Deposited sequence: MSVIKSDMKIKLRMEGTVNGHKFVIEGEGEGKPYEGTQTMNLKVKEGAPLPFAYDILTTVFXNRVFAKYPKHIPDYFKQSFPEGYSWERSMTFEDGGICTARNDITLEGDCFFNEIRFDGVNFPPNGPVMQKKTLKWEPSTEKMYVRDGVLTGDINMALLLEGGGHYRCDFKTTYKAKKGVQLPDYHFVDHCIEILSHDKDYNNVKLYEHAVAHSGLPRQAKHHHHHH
């Protein structure tokens, strides 16, 4: 059962620009307020040679405030749960694929995550670590072949002001039948609360609220 306070555990294995890494995270959140925080620790591949920000949005749409009038694809899916797949296409040709298989055991969400990144330019903001944060965003959610897709126009703020664009397309797949939502939106804001020098340690917060637009 999904309570008002829930715990998060995760392990991400991945490779960006040939660099292998493993990251583990523990935290907690409030599913009905659409908030969560976690602490993340690089287990292998430190120091990461790329912008930590490309990972952060991979680190669960259960953590979203859903109003009564929009069916909540994520909450309805448990105890069985759900998985997602995502591509991230950056404007200079960097591409990431990502996935998360989310299970519930007691009061804790377990997150098995793969992340893979290719074709980032050597002098781009990713490989030179010139990103500051992701701007807030609005994810456009709709049903396509019986599952939920979310598309997002994401943007990283860069050093010197200036933006670097990435398009997300995520497919969310419930492991049981649930009532499918009509087209709707989820506003997102995501923030690195703290970190140490090489991002070996990172405290990371998210707020998500689902809505119907104007």
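Asker: Could you give the ranges of the deposited sequence that carry no C-alpha coordinates?
Answerer: According to the record, the gaps fall at 1-2, 62, 218-228.
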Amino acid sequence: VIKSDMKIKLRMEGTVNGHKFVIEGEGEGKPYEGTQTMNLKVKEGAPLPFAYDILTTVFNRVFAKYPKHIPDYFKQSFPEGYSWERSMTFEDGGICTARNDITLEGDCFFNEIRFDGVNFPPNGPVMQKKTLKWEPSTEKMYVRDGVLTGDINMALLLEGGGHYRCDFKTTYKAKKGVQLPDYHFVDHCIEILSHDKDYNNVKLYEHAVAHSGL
From here on, numbers count along this sequence of modelled residues.
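Asker: Can you tell me whether 137-145 has a higher mean C-alpha B factor than 99-107 in this record, or the other way round?
Answerer: Comparing averages over the C-alpha atoms only gives 99-107.
Asker: Got a sec? Mean C-alpha B-factor, which is higher, 148-156 or 34-42?
Answerer: Higher mean C-alpha B-factor in the PDB entry: 34-42.
Asker: Tell me, please, which of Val186, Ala51, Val58, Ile70 has the highest C-alpha B factor according to the deposited entry?
Answerer: The listed residue with the largest C-alpha B-factor is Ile70.
Asker: Considering every modelled residue of the chain and its Cα B-factor in the PDB entry, is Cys166 in the lowest, middle or highest third?
Answerer: Tercile = lowest for this residue's CA B-factor.
Asker: Compared with the other modelled residues in the chain, in which third is the CA B-factor of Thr89?
Answerer: Ranked within chain, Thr89 CA B lands in the lowest tercile.
Asker: For the chain shown, is the CA B-factor of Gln76 in the lowest, middle or highest third of its modelled residues?
Answerer: Answer is highest: the recorded C-alpha B-factor places it there.
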